[PDB]
Amino acid sequence: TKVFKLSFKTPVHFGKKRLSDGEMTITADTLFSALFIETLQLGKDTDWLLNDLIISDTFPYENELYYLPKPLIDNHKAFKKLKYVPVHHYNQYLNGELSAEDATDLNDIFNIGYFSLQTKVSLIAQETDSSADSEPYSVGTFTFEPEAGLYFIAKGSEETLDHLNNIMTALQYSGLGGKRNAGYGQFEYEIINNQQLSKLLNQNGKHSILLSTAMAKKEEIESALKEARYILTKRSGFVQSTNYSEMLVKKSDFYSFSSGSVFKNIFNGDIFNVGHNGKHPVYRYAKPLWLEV
Amino acid sequence: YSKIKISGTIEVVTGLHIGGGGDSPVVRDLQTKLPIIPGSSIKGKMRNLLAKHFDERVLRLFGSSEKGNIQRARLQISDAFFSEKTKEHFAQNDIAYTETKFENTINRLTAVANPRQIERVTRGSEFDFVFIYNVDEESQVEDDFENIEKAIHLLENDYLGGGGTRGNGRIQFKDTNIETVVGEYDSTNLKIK
Amino acid sequence: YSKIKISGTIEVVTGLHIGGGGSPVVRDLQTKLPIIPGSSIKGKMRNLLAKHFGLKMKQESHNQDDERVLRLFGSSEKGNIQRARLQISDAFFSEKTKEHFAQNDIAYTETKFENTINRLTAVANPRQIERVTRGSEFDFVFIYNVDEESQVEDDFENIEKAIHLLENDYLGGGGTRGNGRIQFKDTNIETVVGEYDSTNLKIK
Amino acid sequence: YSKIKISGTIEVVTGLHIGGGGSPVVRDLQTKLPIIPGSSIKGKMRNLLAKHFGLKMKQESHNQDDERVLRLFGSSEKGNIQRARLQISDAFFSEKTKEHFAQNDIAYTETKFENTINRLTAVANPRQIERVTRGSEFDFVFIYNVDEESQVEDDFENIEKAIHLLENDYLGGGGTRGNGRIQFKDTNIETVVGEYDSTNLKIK
Amino acid sequence: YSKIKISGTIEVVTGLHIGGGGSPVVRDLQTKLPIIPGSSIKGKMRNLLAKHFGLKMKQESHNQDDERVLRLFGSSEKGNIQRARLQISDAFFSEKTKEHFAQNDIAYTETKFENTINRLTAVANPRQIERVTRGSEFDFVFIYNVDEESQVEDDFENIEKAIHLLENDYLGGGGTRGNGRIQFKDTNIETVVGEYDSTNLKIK
Amino acid sequence: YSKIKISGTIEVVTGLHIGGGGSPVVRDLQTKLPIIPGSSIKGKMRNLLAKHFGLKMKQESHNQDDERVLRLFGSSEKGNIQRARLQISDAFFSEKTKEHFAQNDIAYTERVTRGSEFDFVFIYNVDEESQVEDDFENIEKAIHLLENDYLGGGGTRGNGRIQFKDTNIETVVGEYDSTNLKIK
Amino acid sequence: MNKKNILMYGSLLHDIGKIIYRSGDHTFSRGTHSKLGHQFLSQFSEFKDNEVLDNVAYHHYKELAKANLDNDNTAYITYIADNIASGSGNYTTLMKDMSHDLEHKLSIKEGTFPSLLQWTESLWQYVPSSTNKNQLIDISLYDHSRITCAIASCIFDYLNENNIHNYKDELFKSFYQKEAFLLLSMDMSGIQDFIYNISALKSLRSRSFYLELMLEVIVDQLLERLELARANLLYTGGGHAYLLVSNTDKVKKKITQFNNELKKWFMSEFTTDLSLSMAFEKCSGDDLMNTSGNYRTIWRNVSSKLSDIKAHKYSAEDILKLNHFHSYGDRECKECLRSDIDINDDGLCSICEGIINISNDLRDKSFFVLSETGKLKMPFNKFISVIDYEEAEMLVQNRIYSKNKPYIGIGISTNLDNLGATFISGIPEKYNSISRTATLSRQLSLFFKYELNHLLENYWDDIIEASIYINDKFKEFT
RNA sequence: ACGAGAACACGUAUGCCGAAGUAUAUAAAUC
């Protein structure tokens, strides 16, 4: 049940719909994509990690502090402006022990980077030929302070996690974002076991908080939504090397729960096929990683 | 499967002007206010020069991936940053990091002149850089490195940035180290100058 | 695709005042010594060589010039782009000269004092002008691109004409009142990139 | 387009005291010898040739002067475009004088002691003036631009008038007490740039 | 606008001590022969011709003079600009005098020994002084500018009177005891620049 | 400002030896013929005139004299300016004496031979109209005293007494009447 | 004339004798306001409905106490609704104008009620509602009259639907405590995401307009389906619609049916980026009145069930049908980036192309018409098209949407930080009624939609200046 | 099998044109 720490040193581009967009964090599906591509690139076996690994979302950290997504459990004006809650207060959050002034101070302290729209041009056009207009475009980047970054949670047996160690060691030289081949998004990592992370991960309760993006299988959906509080977010995009035309290849739309979901009845997930008229399957990750409180 | 890292430094011989903000405003970081050279700049200038020299080589090394055939990039160029040696030396000698140049323009038929300002990174500074190469085909590394050497030569005898026909941008490359960072491929014999 | 390099020495004959500050002279701020900006040289050559060939009133209005002049310096604005071929870099104070001046204890800069006498009143007003010392040297470098094989000889003939004209003219300001005369010496031509021989070429 | 060269020697008849640094004189500092700046020559010739033609009080007010004067020395200041057509260079202490003065042990500078007598008090005040020595020589070069093919003769006539007037006047400072009288010798005319004739041209 | 020349010879009859090197005599450093500085002549003439006209004590305190003196000589000190109209140059040994003293084996300087006898003690104190040999001839030139077509006649009458008073006086120092008496000879007028009629003018 | 002139001749009877050489006699090296320094006559007339009037020992220490000497002769070293009003010029021979000596073949040096004539020319400036008479009568007195005293060095054994003759008082510059004056 | 119309007509104008008494017209300013209004309206021939005269003559206590009316006549229900809602020459000029308009312009037949509503609004939107010395009257006369109508219609739906005919005995406190009527809320999500789905700066007003128009269309439709009028709509805008209906089984069933149809249509037109949620909490005559501060409680409960419905906005069948495969590979909308809809040659889908065309027309033309076929999509297979003024009157001769233009009499037309405290509390004591939130919403809407345009008519630095000006104006506001 | 992937904030223009370190002043006054 190890955790992984990542520091970047260079701005990163994650984005939501367009290149003008800048986003702080990415999803378990993007990282499953990265790991799968790197395994196929290294020439190893994907069988072991297709159906033995459970991954969580990316999360921010600061100097000696950790954050987790807001669970969907009087002021009703300050909490709505909050996205992440510190670990030390996580239990205190679920018992109603957090006050408005404390929350406001939290909002004050939570600056972990900034945003920037870098403008560029393209002269590969008939500018090579003759008079032709230039094409200014814009990329969006996020930049970290020297002591902030990302962390992940992974669990299973020792063998699978040794494989994961090797994969991260290889991966730390490629990137985790958009314009990777343009100079964005490299990192260095460390393997950590914090005590309080293990304490939260090993609770005992009646509800469950989701730390990933997952979808229920057919035969269980009717029993999954008995008493639930969730968010559906459409996830679409383009593929990397399915067929001839990139434009003619675009993933079929998918809907999945978000990362603050609370479920009274657990479900196992599945790795879902979102391919059609392609040569090889295109997988979306959907398998939940719970914390039971 | 192996990954190779080429590291070194670039020195500014005559004043440099990238100026993404403008055109005086030179690109920096918005917090530390230190000049940098974006990797898109280097990638584009090298692409233009090497294409002018000559195709499948530019396509295998920089990647096209929409022309009806899909080729994935094989060389990754990162941003460049001010080095510690230069910061220490400049802080001791009490030198600013950036210059401001005043220029003028003359009207034909009217002989009236009007001014300009161009902000420009100082002479003698240094930047640190790293490139990554992903060895996807064993029988091609010598060819790819010949081509990358030619590109660095051409960029050495040319300019980076804007206003180079009037005297800006000239750079040099020093202190190269070529280490194999993932895998077991022998890259203790390569050279890039 | 080939690139040809030209290097040599600029020597100051009478005092020189590029004076781009506004009355100071332009200085590098890592060494605190004078420099000769390259845009000065390009602009003066543009003007001189343009006036050599026909310069028309309509050609005075639009800042367009003869086809040869546009070819060598670039137009790239007329709705018919023209890429330049001759890149002019700056020139810097030479190490030989700084050694000599430090040895013989010669200050690098003169401050000439000047006066003006107005009419009707004959009351004089004075002023100060800084200027580089004579005997100084600077090191200059030019790069020329072979975009076409058959135009090289003509282009270098035209550059030779520009050199002659500039050497019988002035750089900087106050040229009619004395300042700013130069010479070029110790040149060298080399094909730094490509496979185009440059042995028969010369710029005097 | 053409540029024509004039050259010659200035001969010092009585003491010359430019004093550009001011009671010292103006000197180079690569060699530490006197020079004659071009600014003073230009200004004095202009003042003579303007006074000889008309000088109106309103024209005295703002340095507005005759048309030929502005054609040969340049204004481009009143919205009319006119850059100077005569380029005047500095005068440097000549070599033959150096040889002669060295091998006869004659210095390059006199130090004259001067006295002032006060009115109704009869007290003397002493002063020291540093004059260039008699018998010296200097070398000068002028460049003429040919901007119009049908004015060369007229402009040269005006130039010889200015030269003659200056041969009957003084260059420098304090000339109403015996300083600055000069002469011109060994004048040669050459066309440096173009295909223009200079066999009928003369300046006395 | 025109410029007249006045030339001639100054003939010294008695001792002439000028001592500008001061007890030696001021001397050219290129020929090693005495001169009369033009400053001396201008000052002596100014003082004589100015004492003749009104010389007020209040004017003496403020160093103001009569209008004739300033128009002929120029002050431009009281806020009113008056440029000098008479230019006086120095003097030098004439060729005939050099030939005569060379043929006759006669030197150019006399050493006079003078004895001071003091009151109440009677101690003889000796002194040596250098003088210019009597009977030598100097060549002088004045330049006269015309700024008004009328006042030439009055100006020349005044310069006549000035020459007269100087000829009944001494030049230099040591005058009230036997040195300085000179006269003028061989005066000539020749119009050298311009188109003026000055053939009826007469300087005696 | 008018310049009146005095001129006259001086006759030599006792073989004169001035002592301008400091045993020779001072000569202008253009003619090699004897002269007389003007400081000679100036100072000797000065001393005689000073002696005639009252001369104080304290003034002897400080080289101060009577107002008449400080005006006519003039010193201008005490902090009060006194420019001299009587320019004495050096005296030469007369051509009459030269012709007579050449005709009779007589040398000039023995000492200054007897029978000489000297042409002395004084210039007097009129800085004030009123004091002209007083100044000229004083000059007349000084001339008389000089005529009855000695000029030269070491003349206390019989040498250096000479006579005055043949004056002419002509105004050379000015418009002032100078007919009523006399200097015998 | 259906009796519902009789109540509604006697309801809007039941309080006009107050104006004819404030105007000082000596002809009809001597008696009590009810008979002054009756005497005024007893002139015009169109308004000669007898039961309407009965309704307007006795909307108070003594009038009914001495009138011995029949058991079925709307004066009693008028009294009850009036009570629940309650909780100088310019007037003379106004009543001259009123006489002219009533005798000339308006029609009285069925379906003229919306026109009468706009007429009363355009005339009365500033008349002082009352001048009581012991009360603070932050309301106009328009709000009193309109909310009296809404309450009257709801009370009638309740009383009639349960088959009671002895209105007098039933309504003449005990009834005031019964769970009589019902508060209903529509909130549409995803406005921020849909408004910023453009690729420049002035183009993000056309789709703002589209969102606003859809909200108004759906709410007007809802009122039509329930045989009341646009009287019963308290507030709209943002993404909200606060409405008031009756507490009976029939309306509940119809609300459920309408909800199903809307959910189906929103899913059909748009996958999930735009939803609609409806929540209803029952209220008594006491709840809207200020009795024990329960209005805050009601509002909080409605918000709570709204949040819950937002948390579980789909079912298993929907989510399985959503994850069913569909054709792709074709290009997506160049501005809207969605690949489930057939596209035209220009590269824009139906809705986005419609919006750009309608903005181009709106820059010149200014009337919108709701038809069966046309240009831009609407619920229930309806379309909106663009038309000009004279075209609008010719179409009226043979529903119309405008932009802040109070044109009256042209058929039926509909003229189109600390927020939580204002919306939930309002005035906590002595003024805590539905009328106060009505007037507060009206004033805020006037500030937001009309005063903002006036402020911007004269318009980085500008953004800061506008922010400072808005902050200062809001500080002056409270 | 990562809202992906190809994409030099480029291009034409300088330090300008005009301007006297000048104007007055005895190396002089006593033996």
# chains A, B, ... in the order shown; residues from 1 in each chain; ligands from 1
>>> interface_residues(of="chain H", to="chain E", cutoff="6 Å", atoms="only C-alpha atoms (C1' of nucleotides)", output="ChimeraX atom specification")
/H:24,26-27,31
>>> interface_residues(of="chain D", to="chain E", cutoff="6 Å", atoms="only C-alpha atoms", output="VMD selection string")
chain D and resid 52 119 176 to 178
>>> write_last_selection(atoms="N, CA and C atoms", output="mmCIF file, in the first residue's frame")
data_model
loop_
_atom_site.group_PDB
_atom_site.id
_atom_site.type_symbol
_atom_site.label_atom_id
_atom_site.label_comp_id
_atom_site.auth_asym_id
_atom_site.auth_seq_id
_atom_site.Cartn_x
_atom_site.Cartn_y
_atom_site.Cartn_z
ATOM 1 N N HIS D 52 29.325 87.587 -45.404
ATOM 2 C CA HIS D 52 29.643 88.194 -46.691
ATOM 3 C C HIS D 52 28.390 88.396 -47.524
ATOM 4 N N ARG D 119 42.874 100.094 -14.584
ATOM 5 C CA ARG D 119 42.617 101.516 -14.767
ATOM 6 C C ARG D 119 42.607 102.237 -13.426
ATOM 7 N N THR D 176 42.470 88.778 -32.168
ATOM 8 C CA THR D 176 42.579 90.223 -32.289
ATOM 9 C C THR D 176 43.795 90.767 -31.568
ATOM 10 N N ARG D 177 44.639 89.890 -31.029
ATOM 11 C CA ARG D 177 45.881 90.273 -30.381
ATOM 12 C C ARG D 177 47.080 89.561 -30.983
ATOM 13 N N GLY D 178 46.913 88.909 -32.126
ATOM 14 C CA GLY D 178 48.030 88.318 -32.837
ATOM 15 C C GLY D 178 48.047 86.809 -32.877
#
>>> closest_atom_pairs(of="chain F", to="chain E", cutoff="7 Å", atoms="only C-alpha atoms", output="JSON lines")
{"residue": "F:1", "atom": "CA", "partner": "E:52", "partner_atom": "CA", "distance": 5.4}
{"residue": "F:20", "atom": "CA", "partner": "E:113", "partner_atom": "CA", "distance": 6.7}
{"residue": "F:21", "atom": "CA", "partner": "E:113", "partner_atom": "CA", "distance": 6.6}
{"residue": "F:22", "atom": "CA", "partner": "E:113", "partner_atom": "CA", "distance": 5.5}
{"residue": "F:30", "atom": "CA", "partner": "E:106", "partner_atom": "CA", "distance": 6.8}
{"residue": "F:38", "atom": "CA", "partner": "E:178", "partner_atom": "CA", "distance": 4.8}
{"residue": "F:39", "atom": "CA", "partner": "E:177", "partner_atom": "CA", "distance": 5.3}
{"residue": "F:42", "atom": "CA", "partner": "E:177", "partner_atom": "CA", "distance": 6.7}
{"residue": "F:60", "atom": "CA", "partner": "E:119", "partner_atom": "CA", "distance": 5.0}
{"residue": "F:61", "atom": "CA", "partner": "E:119", "partner_atom": "CA", "distance": 6.6}
{"residue": "F:63", "atom": "CA", "partner": "E:119", "partner_atom": "CA", "distance": 6.6}
{"residue": "F:84", "atom": "CA", "partner": "E:176", "partner_atom": "CA", "distance": 6.3}
{"residue": "F:86", "atom": "CA", "partner": "E:176", "partner_atom": "CA", "distance": 6.9}
{"residue": "F:87", "atom": "CA", "partner": "E:176", "partner_atom": "CA", "distance": 4.5}
{"residue": "F:88", "atom": "CA", "partner": "E:177", "partner_atom": "CA", "distance": 5.4}
{"residue": "F:89", "atom": "CA", "partner": "E:178", "partner_atom": "CA", "distance": 3.9}
{"residue": "F:90", "atom": "CA", "partner": "E:178", "partner_atom": "CA", "distance": 5.1}
>>> select_by_dssp(residues="range 11-204 of chain C", states="alpha helix (DSSP H)", output="JSON list (two decimals) with C-alpha atoms, in the first residue's frame")
[["chain", "number", "residue", "atom", "x", "y", "z"],
["C", 38, "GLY", "CA", 25.42, 46.03, -35.88],
["C", 39, "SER", "CA", 22.17, 47.78, -36.70],
["C", 40, "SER", "CA", 24.20, 50.96, -37.16],
["C", 41, "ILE", "CA", 26.31, 49.26, -39.81],
["C", 42, "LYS", "CA", 23.34, 47.70, -41.57],
["C", 43, "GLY", "CA", 21.40, 50.96, -41.67],
["C", 44, "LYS", "CA", 24.31, 52.98, -43.02],
["C", 45, "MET", "CA", 25.02, 50.41, -45.73],
["C", 46, "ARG", "CA", 21.34, 50.33, -46.64],
["C", 47, "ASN", "CA", 21.23, 54.10, -47.09],
["C", 48, "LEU", "CA", 24.52, 54.43, -48.95],
["C", 49, "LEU", "CA", 24.13, 51.56, -51.39],
["C", 50, "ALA", "CA", 20.49, 52.47, -52.01],
["C", 51, "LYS", "CA", 21.38, 56.04, -52.93],
["C", 52, "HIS", "CA", 24.06, 54.66, -55.24],
["C", 57, "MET", "CA", 10.39, 59.99, -55.17],
["C", 58, "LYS", "CA", 7.82, 57.19, -55.21],
["C", 59, "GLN", "CA", 10.65, 54.91, -54.09],
["C", 60, "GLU", "CA", 11.35, 57.54, -51.43],
["C", 61, "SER", "CA", 7.83, 57.33, -50.04],
["C", 67, "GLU", "CA", 15.75, 44.81, -56.39],
["C", 68, "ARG", "CA", 19.43, 44.15, -55.65],
["C", 69, "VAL", "CA", 19.32, 46.08, -52.37],
["C", 70, "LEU", "CA", 16.19, 44.23, -51.26],
["C", 71, "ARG", "CA", 17.81, 40.94, -52.21],
["C", 72, "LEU", "CA", 20.86, 41.52, -50.04],
["C", 73, "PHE", "CA", 19.12, 43.06, -46.99],
["C", 95, "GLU", "CA", 41.90, 42.23, -26.14],
["C", 96, "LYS", "CA", 45.10, 43.37, -27.86],
["C", 97, "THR", "CA", 43.99, 46.97, -27.50],
["C", 98, "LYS", "CA", 42.92, 46.66, -23.87],
["C", 99, "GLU", "CA", 46.32, 45.15, -23.08],
["C", 100, "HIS", "CA", 48.09, 48.02, -24.85],
["C", 101, "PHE", "CA", 46.01, 50.70, -23.15],
["C", 102, "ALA", "CA", 46.42, 49.22, -19.68],
["C", 103, "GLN", "CA", 50.18, 48.95, -20.22],
["C", 104, "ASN", "CA", 50.67, 52.53, -21.44],
["C", 152, "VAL", "CA", 27.21, 34.98, -55.09],
["C", 153, "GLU", "CA", 29.69, 36.92, -57.23],
["C", 154, "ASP", "CA", 27.30, 39.81, -57.81],
["C", 155, "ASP", "CA", 26.33, 39.96, -54.13],
["C", 156, "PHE", "CA", 29.96, 40.20, -53.03],
["C", 157, "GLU", "CA", 30.65, 42.87, -55.65],
["C", 158, "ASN", "CA", 27.83, 44.91, -54.14],
["C", 159, "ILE", "CA", 29.16, 44.37, -50.61],
["C", 160, "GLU", "CA", 32.55, 45.62, -51.79],
["C", 161, "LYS", "CA", 30.89, 48.78, -53.10],
["C", 162, "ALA", "CA", 29.18, 49.28, -49.74],
["C", 163, "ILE", "CA", 32.52, 48.86, -47.93],
["C", 164, "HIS", "CA", 34.20, 51.45, -50.17],
["C", 165, "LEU", "CA", 31.37, 53.93, -49.68],
["C", 166, "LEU", "CA", 31.30, 53.47, -45.91],
["C", 167, "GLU", "CA", 35.07, 53.86, -45.65]]
>>> atom_distance(atom1="CA of residue 157 in chain B", atom2="CA of residue 50 in chain B")
12.9 Å
>>> atom_distance(atom1="CA of residue 10 in chain D", atom2="CA of residue 32 in chain D")
19.4 Å
>>> residues_around(residues="residue 345 in chain G", least_positions_apart="2", cutoff="12 Å", atoms="only C-alpha atoms (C1' of nucleotides)", output="PyMOL selection string")
chain G and resi 331-334+342-343+347-350+353
>>> interface_residues(of="chain B", to="chain A", cutoff="7 Å", atoms="only C-alpha atoms", output="MDAnalysis selection string")
chainID B and resid 1 20 39:40 66 68:69 73 76:79 182
>>> write_last_selection(atoms="N, CA, C and O atoms", output="compact mmCIF listing (two decimals), in the first residue's frame")
# COMPACT_ATOMS: atom_id res chain seq x y z
N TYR B 1 15.31 -1.90 -24.35
CA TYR B 1 14.85 -0.54 -24.64
C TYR B 1 15.61 0.45 -23.78
O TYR B 1 15.62 0.34 -22.56
N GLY B 20 8.69 36.50 -26.04
CA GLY B 20 7.35 35.99 -26.24
C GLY B 20 6.28 36.97 -25.81
O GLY B 20 5.21 37.05 -26.43
N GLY B 39 11.84 25.40 -25.02
CA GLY B 39 12.27 24.31 -25.87
C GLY B 39 11.62 24.30 -27.23
O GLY B 39 12.18 23.74 -28.18
N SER B 40 10.44 24.92 -27.36
CA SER B 40 9.83 25.05 -28.67
C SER B 40 10.68 25.92 -29.58
O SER B 40 10.77 25.66 -30.79
N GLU B 66 0.48 13.42 -38.71
CA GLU B 66 -0.82 13.66 -39.35
C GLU B 66 -0.82 13.64 -40.87
O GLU B 66 -1.88 13.88 -41.45
N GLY B 68 -1.08 11.47 -43.08
CA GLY B 68 -1.48 10.18 -43.61
C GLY B 68 -0.62 9.03 -43.12
O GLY B 68 -1.04 7.88 -43.21
N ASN B 69 0.57 9.33 -42.61
CA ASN B 69 1.39 8.39 -41.86
C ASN B 69 1.70 8.99 -40.49
O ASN B 69 1.79 10.21 -40.35
N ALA B 73 7.53 11.15 -32.01
CA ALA B 73 8.75 11.91 -31.76
C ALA B 73 9.79 11.05 -31.07
O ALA B 73 9.49 10.29 -30.15
N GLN B 76 13.38 14.50 -27.40
CA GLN B 76 12.66 15.40 -26.52
C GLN B 76 13.61 16.48 -26.03
O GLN B 76 14.67 16.18 -25.47
N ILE B 77 13.23 17.74 -26.27
CA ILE B 77 14.03 18.90 -25.92
C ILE B 77 13.35 19.62 -24.78
O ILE B 77 12.16 19.92 -24.85
N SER B 78 14.11 19.92 -23.73
CA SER B 78 13.58 20.54 -22.53
C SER B 78 13.97 22.01 -22.48
O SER B 78 14.80 22.49 -23.25
N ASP B 79 13.32 22.73 -21.56
CA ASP B 79 13.62 24.13 -21.35
C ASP B 79 15.01 24.29 -20.73
O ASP B 79 15.60 23.34 -20.22
N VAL B 182 18.63 4.71 -19.17
CA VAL B 182 17.80 3.52 -18.99
C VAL B 182 18.24 2.46 -19.98
O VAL B 182 18.36 2.74 -21.17
>>> interface_residues(of="chain H", to="chain A", cutoff="10 Å", atoms="only C-alpha atoms (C1' of nucleotides)", output="MDAnalysis selection string")
chainID H and resid 1:10
>>> closest_residue(among="A:49, A:13, A:108, A:276", to="residue 249 in chain A", atoms="only C-alpha atoms")
A:276
>>> interface_residues(of="chain A", to="chain G", cutoff="9 Å", atoms="only C-alpha atoms", output="NGL selection string")
:A and (17-18 or 72 or 77 or 218 or 221-222 or 225 or 227-234 or 247-255 or 274 or 276)
>>> select_by_dssp(residues="range 51-146 of chain D", states="strand (DSSP E)", output="PyMOL selection string")
chain D and resi 86-88+91-93+109-117+124-132+137-146
>>> write_last_selection(atoms="C-alpha atoms", output="mmCIF file, in the first residue's frame")
data_model
loop_
_atom_site.group_PDB
_atom_site.id
_atom_site.type_symbol
_atom_site.label_atom_id
_atom_site.label_comp_id
_atom_site.auth_asym_id
_atom_site.auth_seq_id
_atom_site.Cartn_x
_atom_site.Cartn_y
_atom_site.Cartn_z
ATOM 1 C CA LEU D 86 30.822 69.261 -47.493
ATOM 2 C CA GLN D 87 32.446 66.861 -45.017
ATOM 3 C CA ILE D 88 35.303 68.417 -43.028
ATOM 4 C CA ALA D 91 43.799 68.145 -38.754
ATOM 5 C CA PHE D 92 46.612 66.052 -37.311
ATOM 6 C CA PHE D 93 50.112 67.171 -36.450
ATOM 7 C CA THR D 109 54.547 74.584 -27.533
ATOM 8 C CA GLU D 110 55.351 78.131 -26.467
ATOM 9 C CA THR D 111 54.367 79.471 -23.052
ATOM 10 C CA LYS D 112 53.676 83.190 -23.299
ATOM 11 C CA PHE D 113 53.476 85.375 -20.198
ATOM 12 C CA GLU D 114 50.831 88.096 -20.416
ATOM 13 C CA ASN D 115 50.110 91.122 -18.262
ATOM 14 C CA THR D 116 47.086 93.273 -17.513
ATOM 15 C CA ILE D 117 47.259 96.882 -16.304
ATOM 16 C CA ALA D 124 49.674 94.297 -12.934
ATOM 17 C CA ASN D 125 48.034 90.890 -13.066
ATOM 18 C CA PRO D 126 49.985 88.041 -14.700
ATOM 19 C CA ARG D 127 48.659 85.245 -16.875
ATOM 20 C CA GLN D 128 50.072 82.311 -18.811
ATOM 21 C CA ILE D 129 48.914 81.246 -22.280
ATOM 22 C CA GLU D 130 49.970 78.023 -23.979
ATOM 23 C CA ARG D 131 50.319 78.624 -27.702
ATOM 24 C CA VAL D 132 51.165 76.173 -30.436
ATOM 25 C CA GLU D 137 51.948 72.283 -40.306
ATOM 26 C CA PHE D 138 48.774 70.198 -40.341
ATOM 27 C CA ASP D 139 47.021 67.977 -42.897
ATOM 28 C CA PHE D 140 43.361 68.319 -43.891
ATOM 29 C CA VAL D 141 40.923 66.386 -46.080
ATOM 30 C CA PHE D 142 37.479 67.435 -47.361
ATOM 31 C CA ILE D 143 34.868 65.281 -49.093
ATOM 32 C CA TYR D 144 32.307 66.765 -51.490
ATOM 33 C CA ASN D 145 29.036 64.988 -52.277
ATOM 34 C CA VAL D 146 27.637 65.477 -55.780
#
>>> atom_distance(atom1="CA of residue 262 in chain G", atom2="CA of residue 220 in chain G")
13.6 Å
>>> interface_residues(of="chain F", to="chain H", cutoff="10 Å", atoms="only C-alpha atoms (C1' of nucleotides)", output="PyMOL selection string")
chain F and resi 39-40+42-44+46-47+63+73-78+81-84
>>> interface_residues(of="chain B", to="chain H", cutoff="6 Å", atoms="only C-alpha atoms (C1' of nucleotides)", output="ChimeraX atom specification")
/B:20,41,44-45,64,103-105
>>> residues_around(residues="residue 35 in chain G", least_positions_apart="6", cutoff="10 Å", atoms="only C-alpha atoms (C1' of nucleotides)", output="ChimeraX atom specification")
/G:16-18,28-29,41,53,56-58,63
>>> residues_around(residues="residue 90 in chain B", least_positions_apart="5", cutoff="9 Å", atoms="only C-alpha atoms (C1' of nucleotides)", output="PyMOL selection string")
(chain B and resi 85+95-97+125) or (chain C and resi 30)
>>> residues_around(residues="range 166-174 of chain G", least_positions_apart="5", cutoff="8 Å", atoms="only C-alpha atoms (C1' of nucleotides)", output="mmCIF file with N, CA and C atoms, in the first residue's frame")
data_model
loop_
_atom_site.group_PDB
_atom_site.id
_atom_site.type_symbol
_atom_site.label_atom_id
_atom_site.label_comp_id
_atom_site.auth_asym_id
_atom_site.auth_seq_id
_atom_site.Cartn_x
_atom_site.Cartn_y
_atom_site.Cartn_z
ATOM 1 N N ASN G 71 -73.564 31.715 -1.645
ATOM 2 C CA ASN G 71 -72.540 30.825 -1.105
ATOM 3 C C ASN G 71 -71.394 30.606 -2.082
ATOM 4 N N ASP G 72 -71.649 30.702 -3.380
ATOM 5 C CA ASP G 72 -70.607 30.550 -4.388
ATOM 6 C C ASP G 72 -70.452 31.886 -5.109
ATOM 7 N N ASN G 73 -69.482 32.674 -4.660
ATOM 8 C CA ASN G 73 -69.139 33.933 -5.303
ATOM 9 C C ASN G 73 -67.777 34.360 -4.787
ATOM 10 N N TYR G 76 -65.444 36.107 -1.228
ATOM 11 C CA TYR G 76 -64.844 35.460 -0.064
ATOM 12 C C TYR G 76 -63.416 35.000 -0.348
ATOM 13 N N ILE G 77 -63.214 34.307 -1.472
ATOM 14 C CA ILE G 77 -61.878 33.839 -1.822
ATOM 15 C C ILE G 77 -60.962 35.013 -2.136
ATOM 16 N N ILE G 80 -59.762 36.144 1.259
ATOM 17 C CA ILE G 80 -58.761 35.262 1.846
ATOM 18 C C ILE G 80 -57.407 35.452 1.174
ATOM 19 N N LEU G 159 -59.626 24.574 -3.213
ATOM 20 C CA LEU G 159 -61.003 24.445 -2.745
ATOM 21 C C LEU G 159 -61.878 23.702 -3.738
#
